[PDB]
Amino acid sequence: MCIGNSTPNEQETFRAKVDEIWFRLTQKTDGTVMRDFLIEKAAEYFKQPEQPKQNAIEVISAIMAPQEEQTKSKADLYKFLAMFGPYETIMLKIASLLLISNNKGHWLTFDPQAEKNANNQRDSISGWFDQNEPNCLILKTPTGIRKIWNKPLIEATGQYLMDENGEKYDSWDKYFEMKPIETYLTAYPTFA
């Protein structure tokens, strides 16, 4: 498990930050912790000024895929920060991906083994984050498979996206506008 499309410095620096925030949230340097405890701490720490803690809890909880997984380790936090850039705008990057996913068919999934269920699909849309490369979102569209990388170190204000071709994007909104998920005609004759 390691962030992809990043240089050695980026991987090294990202690793440090994960160790830091983990220590700051669990008051440990490794080991595991109770699920409800990690979500609680992450919520009050990653929420926005005007965001209800309950809302931060629901959002984080959903993203922490296994709803029935009692313990959570530093790997789980590593995974979470890898998908949504730095912790300063974590809630902004999530708002952006979800913003599109909830208004385009609810194609995003966090539940592990989300890939083993993707092969059992032909004419459907499915998007999940790679398990061994957390910052990479694999999109399964009717026209093939796309790859888009989140820059864990770049805040929401910057261009935190980067596809396989190397093109950078302002956010999940901007990208799913330039590269729409589906393409179907809606034009219609009008003999008014």
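All residue numbers are counted from 1 along the displayed sequence.
Which is higher on mean Cα B factor in this entry, 112-120 or 92-100?
The entry gives the higher C-alpha B-factor average to 112-120.
Output the stretch having the higher mean C-alpha B factor in the entry; the candidates are 103-111 and 73-81.
The stretch with the larger average C-alpha B-factor is 103-111.
C-alpha B-factor winner, where the candidates are 150, 29, 55, 126:
Among 150, 29, 55, 126, the highest C-alpha B-factor in the entry belongs to 126.
Sorting 134, 49, 144, 158 by Cα temperature factor from the record, which one lands on top?
Highest C-alpha B-factor among the listed options: 144.
Residue 13's Cα B-factor: lowest, middle or highest third of the chain?
As the PDB entry reports it, the C-alpha B-factor of residue 13 lands in the lowest third of its chain.
Going by the recorded CA B-factors, say which third of the chain residue 172 sits in, lowest, middle or highest.
Middle third by C-alpha B-factor.
Considering every modelled residue of the chain and its Cα B-factor in the PDB entry, is residue 65 in the lowest, middle or highest third?
Its C-alpha B-factor belongs to the highest third of this chain's values.
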